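>>> pasting the first chains of the complex, positions unchanged:
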Amino acid sequence: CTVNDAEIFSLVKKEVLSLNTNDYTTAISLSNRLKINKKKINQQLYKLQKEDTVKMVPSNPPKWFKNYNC
Amino acid sequence: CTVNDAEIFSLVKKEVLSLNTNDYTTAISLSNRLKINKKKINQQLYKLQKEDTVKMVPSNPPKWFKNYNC
């Protein structure tokens, strides 16, 4: 009856996988689309990087790329 | 019914003002010596630094010395 963070994780993963290898996005942009708090978006983005689905580039703010192996 | 920001500020300010000239303390130490969450301790420490009561030296964890004015 409850959808913890897993549904957020799934929404974010689906979004990043839709990116072109050459494109990138940010937490603020993602938060804006999925209408979710940037904090929630970040909690998933960093977890997703641990799974190698996305790659973060320490820009200001960080830019997120889909793993090019995809 | 709860010790608020302003009140924790006073508690932290007193501990820091009781340090000898060149000795420091850390947020976790104050957290332990007192019965307050580390986050709440740091919230006060950085404000105390803005007020020139304490001085922070980066390290892990950050060291907090009494400002020489005191």
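Cool, the structure landed. Residues are numbered from 1 along each chain as shown, chains lettered A, B, ... in the order given.
>>> in chain A, which spans are helices?
Counting by DSSP state H, one finds helices in chain A at the ranges A:6-17, A:27-33, A:38-50.
>>> could you measure the residue lying closest to residue A:46 once chain neighbours are set aside against residue B:55, distance?
The shortest distance from residue A:46 to any non-neighbouring residue, by CB to CB, 6 or more residues apart in numbering or on different chains, is to residue A:56 (7.5 Å). To be clear about C-beta, it is placed using only N, CA and C from the backbone, and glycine gets the same treatment. Look at residue A:56 and residue B:55: by CB to CB, to the nearest Å, they are 33 Å apart.
>>> Go ahead and add DNA strand C:
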DNA sequence: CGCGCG
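So, slotting DNA strand C in with the rest:
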């Protein structure tokens, strides 16, 4: 303001 942090 980069912050994800338990």
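>>> Could you list the contact residues of chain A toward DNA strand C?
A:27-28, A:38-39, A:42-43, A:46, A:60-62 (CB under 7 Å from any atom of the strand).
>>> from these, which would you call buried?
Burial by neighbour count, judged by 16 or more other CB atoms under 10 Å in any protein chain shown, picks out A:27, A:38, A:42-43 from the residues of chain A next to DNA strand C.
>>> now the residues you listed in CSV, with distance to residue A:19?
Formatted as CSV, those follow (distance: CB to CB, whole Å):
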residue, distance to residue A:19
A:27, 14
A:38, 18
A:42, 17
A:43, 19
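>>> here's DNA strand D, add it to the model above:
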DNA sequence: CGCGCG
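Let me add DNA strand D to what's already shown:
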């Protein structure tokens, strides 16, 4: 793990 961030 540095985090204080409203």
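>>> At the geometric centre of chain A, which residue sits there?
The centre of chain A sits closest to residue A:45, judged by CA atoms, centre = their mean, with a distance of 4.1 Å.
>>> tell me the contacts of the closest residue in space to residue A:62 that isn't next to it in sequence?
Nearest residue to residue A:62, sequence neighbours excluded (CB to CB, 6+ apart): residue A:56, at 4.9 Å. Residue A:56 is in contact with A:45-46, A:49, A:62-65, counting by CB atoms under 8 Å, 6 or more residues apart in numbering or on different chains.
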